[PDB]
Amino acid sequence: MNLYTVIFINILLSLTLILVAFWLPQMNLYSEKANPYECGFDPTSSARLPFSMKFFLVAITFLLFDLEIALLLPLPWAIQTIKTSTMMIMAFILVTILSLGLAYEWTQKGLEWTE
Amino acid sequence: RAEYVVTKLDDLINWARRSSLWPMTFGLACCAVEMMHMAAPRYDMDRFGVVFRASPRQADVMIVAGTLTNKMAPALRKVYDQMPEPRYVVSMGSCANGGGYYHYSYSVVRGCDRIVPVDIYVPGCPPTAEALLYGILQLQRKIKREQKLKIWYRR
Amino acid sequence: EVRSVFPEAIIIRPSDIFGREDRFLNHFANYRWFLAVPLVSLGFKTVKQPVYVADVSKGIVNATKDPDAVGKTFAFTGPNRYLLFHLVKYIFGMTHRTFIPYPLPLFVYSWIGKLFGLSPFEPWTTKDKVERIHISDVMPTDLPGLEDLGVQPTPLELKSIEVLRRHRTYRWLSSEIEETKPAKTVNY
Amino acid sequence: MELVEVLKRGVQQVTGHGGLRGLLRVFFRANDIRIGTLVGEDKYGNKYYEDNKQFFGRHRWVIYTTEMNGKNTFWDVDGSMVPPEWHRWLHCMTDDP
Amino acid sequence: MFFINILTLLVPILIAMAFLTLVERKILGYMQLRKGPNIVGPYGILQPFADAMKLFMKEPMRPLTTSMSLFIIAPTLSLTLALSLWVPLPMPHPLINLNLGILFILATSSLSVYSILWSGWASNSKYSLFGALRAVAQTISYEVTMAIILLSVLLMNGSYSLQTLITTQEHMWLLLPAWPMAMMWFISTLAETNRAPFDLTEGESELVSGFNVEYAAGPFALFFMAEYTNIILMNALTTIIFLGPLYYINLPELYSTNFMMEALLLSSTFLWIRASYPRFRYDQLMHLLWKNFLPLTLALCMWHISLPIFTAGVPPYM
Amino acid sequence: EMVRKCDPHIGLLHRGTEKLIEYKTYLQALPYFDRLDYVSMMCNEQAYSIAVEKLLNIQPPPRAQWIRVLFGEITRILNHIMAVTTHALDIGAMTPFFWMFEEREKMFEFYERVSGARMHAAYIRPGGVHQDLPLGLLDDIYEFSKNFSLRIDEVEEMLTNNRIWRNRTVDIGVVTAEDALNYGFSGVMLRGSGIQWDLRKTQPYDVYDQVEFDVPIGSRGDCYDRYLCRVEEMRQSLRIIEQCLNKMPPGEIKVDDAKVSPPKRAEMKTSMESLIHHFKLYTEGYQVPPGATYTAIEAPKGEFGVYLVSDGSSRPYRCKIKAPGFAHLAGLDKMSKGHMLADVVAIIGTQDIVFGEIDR
Amino acid sequence: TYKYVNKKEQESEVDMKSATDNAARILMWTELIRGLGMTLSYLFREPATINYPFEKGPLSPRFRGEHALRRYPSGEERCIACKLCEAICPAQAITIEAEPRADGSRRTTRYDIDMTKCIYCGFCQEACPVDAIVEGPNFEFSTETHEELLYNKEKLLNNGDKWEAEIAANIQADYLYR
Amino acid sequence: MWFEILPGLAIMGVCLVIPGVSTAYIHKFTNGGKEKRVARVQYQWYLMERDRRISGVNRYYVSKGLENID
Amino acid sequence: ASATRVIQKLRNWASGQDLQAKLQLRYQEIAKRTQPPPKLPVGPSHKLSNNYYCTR
Ligand SMILES: COC1=C(OC)C(=O)C(C/C=C(\C)CC/C=C(\C)CC/C=C(\C)CC/C=C(/C)CC/C=C(/C)CC/C=C(\C)CC/C=C(\C)CC/C=C(\C)CC/C=C(/C)CCC=C(C)C)=C(C)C1=O
Ligand SMILES: CCCCCCCCCCCCCCCCCC(=O)OC[C@H](COP(=O)([O-])OCC[N+](C)(C)C)OC(=O)CCCCCCCCCCCCCCCCC
Ligand SMILES: CCCCCCCCCCCCCCCCCC(=O)OC[C@H](COP(=O)(O)OCCN)OC(=O)CCCCCCCCCCCCCCCCC
Ligand code: SF4
Ligand code: SF4
Ligand code: SF4
């Protein structure tokens, strides 16, 4: 209940700050003021066109490595096990195959931002 | 007395707006060279609380420092309009004041006051960085003199 | 009183002036911030002919230069008379927001106007404002106007996009004049 | 040592502007606490101290008057309140006050 | 009494970040052969308050081409996540004691990244889009590196708590056992806080203002508060994890003082880094992390798997 | 983020400088050149003055020439400070900007002492030099220059071996020597790509032929090599400043020809011919004999050229100003191939670009 | 002559000690720590900032500031309506309408200088044969309107009467050079 | 000089000392001169609940010793 | 110039170079602002004889 109250208090504080920011000052709104910025000229495009990012393979690899992270994270409770040899071998194999995947992608130029 | 409380509140908001002046990272010419010489360690505008911000949304005063070309003028007007409401203009140098050396040119706006409302005119070609700092402090005094809450209360 | 003190004073009576930063088109466009549009008698039996700011100012300048108008009264009106319902429907069509009207009697509408007018700042609306909204314009019959002061009255259907484009969302921001059908013009 | 000498110069600067009221006055008007040789006291009330141990640029300064030509310049200090002769000396066109 | 505890956590943190802005301006000035603000306050101490009042009395200036819901949600989200991230830190007793404190920290940091992304996409401008995409790349790289670093360090520790970190560092720091992890964690905290060298989300030179280029005053101040609160928090987390303050059961005041001194030193180190170095390119940051830190931290994670097994120094569960 | 095409629209600082120059007299058209490249004011003044001197068939006195070389190297230090520090500011580091701008403030104080203005010092003239130096100026220039190499060393240590700066500048905007020659860069990009060319060594104009210095030469043609070239040019400018301070000659300040240079004020107030020549030079100006010349001077940003056409009157018929930044920005699109926004910013920084001289 | 800035002479080969030194430079971030030390030294230096409105920046007697019209020690105006300062004015900022005075002296009736048009080049003060127009040391004369910078003869004579105690001293210190 | 940053540094120092010290003191005040008695596991929570039932004032921090046994 | 010995040692070690020899603040080694009056030389063609303008 305590953490819930602190979360709600922080949310209410941020809402109070932005409500003060919006209801305190004086408003004078017109079209040239609220136009998009674009460094002092009218934008050619609509800023919603396709962007064509260059690190898409790195993003998918990040998804896979994040799930490898999720696999690796119960290690602080895994080291409390009674066997510890199969645990050590399994952790070594997991880190080794993750590193092998990273090395293969590096060799095949996956993380090189193909334009 | 409501007049006294309103006057003190107005003095407080004027103190805030004059102690936190954020000019825009926007110059045009040799006058902007002197403007960053005013940013230099000698006449520290950051010591005065004056610090550049690149976006006009986070700017407070446009320091028009340079020659306002005809091709440049829509950009300057758009950039000024994109500022939030308590905005000021310091024209700097003869070009921004009244055209200066290029007054009779076919491509120069004869003074930036034809385009934007100018609060403070700083003369020189270039005005020294000391002179631009003088204009900045004169602008601070000018917005110290403003009485928005008192005019509202007697409105 | 102005006639009594200054007997040759030009008196200019415009209609509800529209333009940028007005309190007529922007008022009806700011009706979108509530649930519906509370009009009296569904916006019918109320006829308006709004007039442009540039037309009014040009009329004033031509009045201060004109060899005539040495004591005359002018009626500065727009070229088209609209019903209030059709005008508000056209405004919300140009805004592309939505349009749900609502019949509200003038008694409780004046109550709501007084409630809004109870404000230390500039009120959003007041009882006098809603009364002037629901008072119909008169037919300018014998008075001179912009036409013989040398000003062509620009129609609202022409100079309306420069006011109401602020109040659109991003979806409908880049819409032309032809995307909105013009309001029906009454004669009466 | 050096630190105790720095502290001695600091307490000299603190107790060198008259009293606590004078120290607070110069600290909230001129935003510095320094002791210089008085060379000025012009007719309008400006003070014009100097100190040659400081580097070039900070070696001459003015404490402005709190009143000039009917204007309460306690906080609204101005760069044009210097008369021309002290203006020349303060901008270091000559070494002679 | 708990609301009083919330106030005594929240209000000092906000005053600390405002004076962090002051300290940043003065330290950068004195490293730039100039001063900081010394006019607004007696020694510039009223300058952050003047800046805050000016920002909250300027208009917020809602734009036309803008998704307003996300445009408003994002800065409030950033500030509330910064304070929520401040919640579970022990000095030496936390306000809220969590078993999985580090996991909570990681989740809240990722949600702060989402606040930046939603602001950048909602403010429908090209420079905002550029800043959002740069934020995506940056958080990919530092997220994978930070997860591995914390895994290895807390494998040297016991559970995922932080009082356990205090009891682990009761005798000696964790900097001496794992200093390469401390270096990579310092660089990763820089990347998480979007600070120089590799800020790249509010890039003043490559972009105009990045994701804040359409945010006028108000919510812009909220974003700034969230960023600087995150700066102090990442330095505080670094000194809790690695530079363990002295803990005694009888009195915790010296623990709080030691934590304060080391957190101040690391915050000043952040300002020092900003004064010293130029900016990376945001592809160079990804290349640097994924080609230097990630292989080294994978190897060091394997080494810290093997270390308690072959030294028999497995930490206790509690 | 990858850049597919650069198209720099210029002309937002075009003020019709050449048309105004052809509408004014030569002495009246002199302070336009202070505002063409407003970082090397004395250098542009020297270029225009040498063009008018060549048309007039007169030479400035040796003291004027040595003063012009001394202030030419002072402008070179000012311009390379500005270029290096603003390039580093665009990259992301600002402390060298603040340090070297304190030094730049000292040199602007030197300008304000030798003339009236700190920047647009209408000082170098077709009649040699307008006014002689005040008596403490050479000693103060020496005191500045003896401490200046430490500041270059501080910036050099901050940037040169820094791996972030190296990753930001190395193999960025690589220009081959043949492409630089074909694009007509001609200023610093040539010696950054390895072309051994400097006008002060190949076509010397003032006493540069009798000062001694080295021309730094790059080998990779990238931003890092150009930055190294600018730093080494600052050091060689310090070397030339030392030589000029040692070998300043005791002569007169302007060419002793009252039909070109104005006489001294005492002679003007005591003499008839001097007053007549003062009146005519300050109302009509000297008549330049008709002809066209192209005078090129190694300005810090590059080869600064003036094509002057005189029709025989006291006003120039035509004055074309060739700015190096024009050719550099024309070549910006070629240099920005296979790069992103950040290194495009780096390439803009590494090209010594001021838009007053580009737009005119 | 010339020199190389990035070319290396031969190579230092491959050695275990040199390899260890390069490895420590890469891993321990030695040049980064060196840059940290440099800016730390700058932190512990003394700043060059002057307290502005109390400590003004240094200047020179040649400094071009605000224009002024001077007088003889008798009080008579120095200007003799000869117009060659506006002839040499490269910005055409001066207007010198003139007529004979009541005593028959050649004086000006309109002497306007547009400070928003003037480029502050001193050509008028170096062209004036009687030292009438000068550019005195005033630079803190920024105004809140464009019109206040359109000076006339009364304003210029007022500036000359205001700044004569400094302008005369500067001309005394400077006139042997010019 | 460089010591001009020390006012801001000291304000940050007191603002970082205050939360931890206040949290410890508030924990002591609320728990009656002892610490928070954190419960990481169900056994510790069971001990806290048993103490709350034993005390009789529905407060786990009211420790009961040998005075309850005759 | 007015710095303690410990601070000077720290500055020199942190910079790697000696700073008190070439510090960038000017104290007293600069020229005096008030200078003695000059006597500028006249150049050639002030000869009063053999100085016709057609020969130069
Ligand atoms: C030759 O060619 C040319 C160029 O090419 C080279 C040009 O360039 C050019 C253009 C030239 C110019 C535009 C010149 C401009 C100058 C420069 C570019 C150089 C100057 C230097 C810089 C721009 C870099 C500055 C570097 C710094 C280190 C300064 C630091 C700046 C910052 C923005 C970071 C610090 C932050 C701030 C200043 C603001 C921080 C404060 C806040 C946001 C406050 C927020 C806090 C709160 C909301 C707290 C509130 C909470 C509370 C609890 C408080 C309680 C309150 C109460 C009232 C009780 C021209 C024309 C040109 O010709
Ligand atoms: C929190 C505690 C304090 C931490 C340090 C904080 C103070 C110092 C801050 C310095 C400035 C940091 C600012 C950001 C800098 C960003 C650049 C950067 O760091 O890039 C990383 C750089 C990258 O260098 P790089 O990118 O130049 O490398 C070139 C690589 N190519 C050519 C492919 C581009 O360095 C590293 O990645 C090193 C990481 C740390 C390595 C630590 C190794 C320790 C030793 C291990 C064991 C050795 C023995 C082996 C076994 C022996 C058995 C007997
Ligand atoms: C602007 C809109 C913002 C919306 C987003 C808000 C984000 C909030 C901050 C980030 C939260 C990330 C997720 C954190 C989950 C809680 C972490 C955790 O470990 O909780 C478990 C903990 C007790 O577990 P344990 O530590 O094991 O203790 C047992 C013995 N001590 O504690 C608990 O069991 C407590 C469980 C509740 C804790 C979270 C409460 C959240 C409340 C809702 C907030 C949003 C409401 C909707 C929007 C409102 C209007 C804007
Ligand atoms: S007024 Fe002079 S210095 Fe300023 S921009 Fe114009 S030409 Fe340059
Ligand atoms: S200084 Fe130059 S531009 Fe100004 S009035 Fe005199 S001659 Fe004209
Ligand atoms: S000020 Fe001098 S130059 Fe100008 S008209 Fe008068 S006397 Fe002639």
# chains A, B, ... in the order shown; residues from 1 in each chain; ligands from 1
call {"tool": "select_by_dssp", "arguments": {"residues": "segment 49-150 of chain G", "states": "strand (DSSP E or B)", "output": "ChimeraX atom specification"}}
result
/G:66-69,71,77,94-95,98-100,106-108,112-114,133-136,143,150
call {"tool": "residues_around", "arguments": {"residues": "segment 35-41 of chain H", "least_positions_apart": "3", "cutoff": "8 Å", "atoms": "only C-alpha atoms", "output": "PyMOL selection string"}}
result
(chain E and resi 97+99) or (chain H and resi 24+27-28+31+44-45+48)
call {"tool": "atom_distance", "arguments": {"atom1": "atom CA of residue 161 of chain E", "atom2": "atom CA of residue 1 of chain A"}}
result
19.4 Å
call {"tool": "residues_around", "arguments": {"residues": "segment 21-25 of chain I", "least_positions_apart": "4", "cutoff": "10 Å", "atoms": "only C-alpha atoms", "output": "PyMOL selection string"}}
result
(chain D and resi 54-57) or (chain E and resi 33) or (chain F and resi 99+102-103+106+143-144+146-151) or (chain G and resi 45-48) or (chain I and resi 1+17)
call {"tool": "select_by_dssp", "arguments": {"residues": "segment 5-48 of chain D", "states": "alpha helix (DSSP H)", "output": "PyMOL selection string"}}
result
chain D and resi 5-14+20-29
call {"tool": "interface_residues", "arguments": {"of": "chain A", "to": "chain B", "cutoff": "6 Å", "atoms": "only C-alpha atoms", "output": "list in words"}}
result
residues 32, 33, 40 and 41 of chain A
call {"tool": "residues_near_ligand", "arguments": {"ligand": "ligand 5", "cutoff": "8 Å", "atoms": "only C-alpha atoms and all ligand atoms", "output": "count of residues only"}}
result
25
call {"tool": "atom_distance", "arguments": {"atom1": "atom CA of residue 235 of chain E", "atom2": "atom CA of residue 189 of chain E"}}
result
7.8 Å
call {"tool": "closest_atom_pairs", "arguments": {"of": "chain F", "to": "ligand 2", "cutoff": "12 Å", "atoms": "only C-alpha atoms and all ligand atoms", "output": "CSV"}}
result
residue,atom,partner,partner_atom_place_in_ligand_line,distance
F:161,CA,ligand 2,27 (O),10.8
F:162,CA,ligand 2,27 (O),9.2
F:163,CA,ligand 2,27 (O),5.8
F:164,CA,ligand 2,17 (C),6.7
F:165,CA,ligand 2,17 (C),10.5
F:166,CA,ligand 2,27 (O),9.1
F:167,CA,ligand 2,27 (O),8.2
F:168,CA,ligand 2,26 (O),11.7
F:170,CA,ligand 2,34 (C),11.9
call {"tool": "residues_near_ligand", "arguments": {"ligand": "ligand 1", "cutoff": "7 Å", "atoms": "only C-alpha atoms and all ligand atoms", "output": "PyMOL selection string"}}
result
(chain B and resi 25-30+32-33+35-36+39+51-53) or (chain E and resi 11+14-15+18+21+24-25+28-29+48-49+51-53+221-222+224-225) or (chain F and resi 86+94+353-355)
call {"tool": "write_last_selection", "arguments": {"atoms": "N, CA, C and O atoms", "output": "short mmCIF file (atom, residue, chain, number, x, y, z; two decimals), in the first residue's frame"}}
result
data_model
loop_
_atom_site.label_atom_id
_atom_site.label_comp_id
_atom_site.auth_asym_id
_atom_site.auth_seq_id
_atom_site.Cartn_x
_atom_site.Cartn_y
_atom_site.Cartn_z
N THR B 25 19.88 30.93 -29.89
CA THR B 25 21.12 30.71 -30.62
C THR B 25 20.85 31.07 -32.07
O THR B 25 20.64 30.22 -32.94
N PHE B 26 20.87 32.37 -32.34
CA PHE B 26 20.44 32.90 -33.62
C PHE B 26 21.18 34.21 -33.86
O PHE B 26 20.94 35.19 -33.15
N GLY B 27 22.07 34.22 -34.84
CA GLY B 27 22.73 35.43 -35.28
C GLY B 27 22.88 35.42 -36.78
O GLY B 27 22.52 34.45 -37.45
N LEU B 28 23.39 36.51 -37.31
CA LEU B 28 23.51 36.60 -38.76
C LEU B 28 24.91 36.93 -39.23
O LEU B 28 25.34 36.40 -40.26
N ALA B 29 25.64 37.79 -38.53
CA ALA B 29 26.86 38.34 -39.10
C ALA B 29 27.85 38.72 -37.99
O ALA B 29 27.83 38.15 -36.89
N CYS B 30 28.76 39.63 -38.33
CA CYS B 30 29.74 40.19 -37.41
C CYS B 30 29.16 40.64 -36.07
O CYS B 30 29.81 40.55 -35.02
N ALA B 32 26.80 39.06 -34.63
CA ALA B 32 26.70 37.84 -33.86
C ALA B 32 28.07 37.36 -33.40
O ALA B 32 28.17 36.65 -32.39
N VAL B 33 29.12 37.72 -34.14
CA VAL B 33 30.47 37.46 -33.64
C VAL B 33 30.71 38.22 -32.34
O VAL B 33 31.23 37.67 -31.36
N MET B 35 28.30 39.05 -30.42
CA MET B 35 27.39 38.44 -29.46
C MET B 35 28.02 37.25 -28.77
O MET B 35 27.90 37.08 -27.55
N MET B 36 28.74 36.42 -29.51
CA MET B 36 29.44 35.35 -28.81
C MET B 36 30.69 35.85 -28.11
O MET B 36 31.16 35.20 -27.17
N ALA B 39 29.26 36.28 -25.05
CA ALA B 39 29.19 34.98 -24.40
C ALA B 39 30.54 34.51 -23.85
O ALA B 39 30.58 33.61 -23.01
N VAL B 51 21.56 32.82 -20.98
CA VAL B 51 22.12 31.63 -21.59
C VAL B 51 21.34 31.29 -22.85
O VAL B 51 20.11 31.25 -22.84
N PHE B 52 22.07 31.04 -23.94
CA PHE B 52 21.45 30.72 -25.21
C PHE B 52 20.72 29.39 -25.17
O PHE B 52 21.14 28.45 -24.49
N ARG B 53 19.61 29.32 -25.89
CA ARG B 53 18.92 28.07 -26.17
C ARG B 53 18.67 28.02 -27.67
O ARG B 53 18.34 29.04 -28.28
N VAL E 11 11.04 16.46 -1.42
CA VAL E 11 11.42 17.87 -1.45
C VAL E 11 12.94 18.08 -1.43
O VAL E 11 13.44 18.87 -2.24
N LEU E 14 14.28 17.43 -4.98
CA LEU E 14 14.00 18.50 -5.93
C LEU E 14 14.90 19.71 -5.70
O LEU E 14 15.40 20.32 -6.65
N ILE E 15 15.13 20.06 -4.43
CA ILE E 15 16.06 21.16 -4.16
C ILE E 15 17.48 20.77 -4.57
O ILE E 15 18.24 21.60 -5.09
N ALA E 18 17.74 21.16 -8.38
CA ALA E 18 17.83 22.57 -8.76
C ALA E 18 19.23 23.12 -8.49
O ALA E 18 19.84 23.78 -9.34
N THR E 21 21.61 21.97 -11.07
CA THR E 21 21.68 22.87 -12.22
C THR E 21 22.62 24.04 -11.93
O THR E 21 23.45 24.41 -12.78
N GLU E 24 26.21 22.75 -11.89
CA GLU E 24 26.64 22.46 -13.25
C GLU E 24 27.05 23.72 -13.98
O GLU E 24 28.11 23.77 -14.63
N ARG E 25 26.23 24.77 -13.89
CA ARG E 25 26.56 26.02 -14.56
C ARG E 25 27.84 26.63 -13.99
O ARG E 25 28.71 27.08 -14.75
N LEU E 28 30.98 24.27 -14.96
CA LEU E 28 31.29 24.47 -16.37
C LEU E 28 31.89 25.85 -16.61
O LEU E 28 32.82 25.99 -17.42
N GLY E 29 31.38 26.88 -15.93
CA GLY E 29 31.96 28.20 -16.08
C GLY E 29 33.39 28.27 -15.58
O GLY E 29 34.27 28.82 -16.25
N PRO E 48 18.42 29.03 -9.98
CA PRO E 48 17.45 27.99 -10.38
C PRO E 48 16.02 28.35 -10.06
O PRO E 48 15.12 27.98 -10.82
N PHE E 49 15.78 29.08 -8.97
CA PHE E 49 14.41 29.47 -8.64
C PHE E 49 13.88 30.49 -9.64
O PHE E 49 12.72 30.42 -10.05
N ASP E 51 14.90 30.73 -12.79
CA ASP E 51 14.68 29.95 -14.00
C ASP E 51 13.37 29.17 -13.94
O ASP E 51 12.61 29.11 -14.91
N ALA E 52 13.09 28.56 -12.78
CA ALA E 52 11.87 27.79 -12.62
C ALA E 52 10.63 28.67 -12.69
O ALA E 52 9.63 28.30 -13.33
N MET E 53 10.67 29.85 -12.06
CA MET E 53 9.53 30.75 -12.11
C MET E 53 9.30 31.28 -13.52
O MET E 53 8.15 31.38 -13.97
N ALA E 221 10.42 22.29 -18.60
CA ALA E 221 10.99 22.28 -17.26
C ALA E 221 10.80 20.92 -16.60
O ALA E 221 11.66 20.47 -15.85
N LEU E 222 9.67 20.27 -16.87
CA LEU E 222 9.43 18.93 -16.33
C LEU E 222 10.44 17.92 -16.87
O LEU E 222 10.99 17.11 -16.12
N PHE E 224 13.45 18.68 -17.98
CA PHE E 224 14.75 19.03 -17.39
C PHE E 224 14.87 18.52 -15.96
O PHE E 224 15.93 18.02 -15.56
N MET E 225 13.80 18.65 -15.17
CA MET E 225 13.81 18.13 -13.81
C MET E 225 14.01 16.63 -13.80
O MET E 225 14.81 16.11 -13.00
N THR F 86 35.06 26.84 -33.12
CA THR F 86 33.67 26.66 -33.50
C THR F 86 33.43 25.30 -34.14
O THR F 86 32.34 24.74 -34.01
N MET F 94 33.09 22.69 -25.82
CA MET F 94 33.01 24.15 -25.78
C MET F 94 34.08 24.83 -24.93
O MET F 94 34.29 26.05 -25.09
N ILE F 353 34.09 28.37 -43.28
CA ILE F 353 32.93 28.97 -43.93
C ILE F 353 32.46 30.17 -43.12
O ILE F 353 32.14 30.04 -41.94
N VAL F 354 32.45 31.34 -43.76
CA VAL F 354 31.72 32.50 -43.28
C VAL F 354 30.87 32.99 -44.44
O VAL F 354 31.30 32.99 -45.60
N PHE F 355 29.63 33.36 -44.15
CA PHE F 355 28.68 33.56 -45.23
C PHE F 355 28.61 34.99 -45.72
O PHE F 355 27.98 35.24 -46.76
#
call {"tool": "residues_around", "arguments": {"residues": "residue 113 of chain B", "least_positions_apart": "3", "cutoff": "12 Å", "atoms": "only C-alpha atoms", "output": "ChimeraX atom specification"}}
result
/B:64,68,73,76-77,89-92,95-99,109-110,116-121 /G:116,144-147
call {"tool": "atom_distance", "arguments": {"atom1": "atom CA of residue 60 of chain B", "atom2": "atom CA of residue 88 of chain B"}}
result
6.4 Å
call {"tool": "residues_near_ligand", "arguments": {"ligand": "ligand 6", "cutoff": "6 Å", "atoms": "only C-alpha atoms and all ligand atoms", "output": "NGL selection string"}}
result
:G and (79-85 or 127-130 or 132-133)
call {"tool": "residues_near_ligand", "arguments": {"ligand": "ligand 3", "cutoff": "7 Å", "atoms": "only C-alpha atoms and all ligand atoms", "output": "count of residues only"}}
result
24
call {"tool": "closest_residue", "arguments": {"among": "D:13, D:37, D:31, D:69", "to": "chain B", "atoms": "only C-alpha atoms"}}
result
D:31
call {"tool": "interface_residues", "arguments": {"of": "chain E", "to": "chain H", "cutoff": "8 Å", "atoms": "only C-alpha atoms", "output": "VMD selection string"}}
result
chain E and resid 1 5 8 to 9 12 to 13 15 to 17 19 to 20 22 to 23 26 to 27 30 43 45 90 to 95 97 99 252 to 253 256 to 257 260 to 261 264
call {"tool": "closest_atom_pairs", "arguments": {"of": "chain I", "to": "chain G", "cutoff": "12 Å", "atoms": "only C-alpha atoms", "output": "Markdown table"}}
result
| residue | atom | partner | partner_atom | distance |
| --- | --- | --- | --- | --- |
| I:1 | CA | G:46 | CA | 8.5 |
| I:2 | CA | G:46 | CA | 8.8 |
| I:3 | CA | G:46 | CA | 8.4 |
| I:4 | CA | G:44 | CA | 10.9 |
| I:6 | CA | G:44 | CA | 10.8 |
| I:7 | CA | G:44 | CA | 7.1 |
| I:8 | CA | G:44 | CA | 8.6 |
| I:9 | CA | G:41 | CA | 9.9 |
| I:10 | CA | G:41 | CA | 7.3 |
| I:11 | CA | G:41 | CA | 4.6 |
| I:12 | CA | G:41 | CA | 7.3 |
| I:13 | CA | G:41 | CA | 8.1 |
| I:14 | CA | G:37 | CA | 4.6 |
| I:15 | CA | G:38 | CA | 4.6 |
| I:16 | CA | G:38 | CA | 7.6 |
| I:17 | CA | G:38 | CA | 9.4 |
| I:18 | CA | G:41 | CA | 10.9 |
| I:19 | CA | G:45 | CA | 9.3 |
| I:20 | CA | G:45 | CA | 10.2 |
| I:23 | CA | G:45 | CA | 9.2 |
| I:24 | CA | G:48 | CA | 8.6 |
| I:25 | CA | G:48 | CA | 7.0 |
| I:26 | CA | G:48 | CA | 9.9 |
| I:27 | CA | G:48 | CA | 11.8 |
| I:32 | CA | G:60 | CA | 11.7 |
| I:33 | CA | G:60 | CA | 8.3 |
| I:34 | CA | G:173 | CA | 8.4 |
| I:35 | CA | G:173 | CA | 8.3 |
| I:36 | CA | G:173 | CA | 8.9 |
| I:37 | CA | G:176 | CA | 7.2 |
| I:38 | CA | G:176 | CA | 6.5 |
| I:39 | CA | G:176 | CA | 7.1 |
| I:40 | CA | G:177 | CA | 7.1 |
| I:41 | CA | G:177 | CA | 10.5 |
| I:42 | CA | G:177 | CA | 12.0 |
call {"tool": "closest_atom_pairs", "arguments": {"of": "chain B", "to": "ligand 4", "cutoff": "6 Å", "atoms": "only C-alpha atoms and all ligand atoms", "output": "tab-separated table"}}
result
residue	atom	partner	partner_atom_place_in_ligand_line	distance
B:29	CA	ligand 4	5 (S)	4.7
B:30	CA	ligand 4	8 (Fe)	4.2
B:31	CA	ligand 4	4 (Fe)	4.0
B:66	CA	ligand 4	5 (S)	3.5
B:67	CA	ligand 4	5 (S)	5.2
B:93	CA	ligand 4	1 (S)	3.9
B:94	CA	ligand 4	1 (S)	3.9
B:95	CA	ligand 4	6 (Fe)	4.2
B:125	CA	ligand 4	2 (Fe)	3.6
B:126	CA	ligand 4	3 (S)	3.6
call {"tool": "closest_atom_pairs", "arguments": {"of": "chain F", "to": "chain I", "cutoff": "7 Å", "atoms": "only C-alpha atoms", "output": "tab-separated table"}}
result
residue	atom	partner	partner_atom	distance
F:135	CA	I:35	CA	6.8
F:136	CA	I:31	CA	5.2
F:140	CA	I:30	CA	5.7
F:147	CA	I:22	CA	5.0
F:251	CA	I:43	CA	6.6
F:252	CA	I:43	CA	5.0
F:256	CA	I:43	CA	6.2
call {"tool": "residues_around", "arguments": {"residues": "residue 6 of chain A", "least_positions_apart": "4", "cutoff": "8 Å", "atoms": "only C-alpha atoms", "output": "ChimeraX atom specification"}}
result
/A:2,10 /E:6,84,87
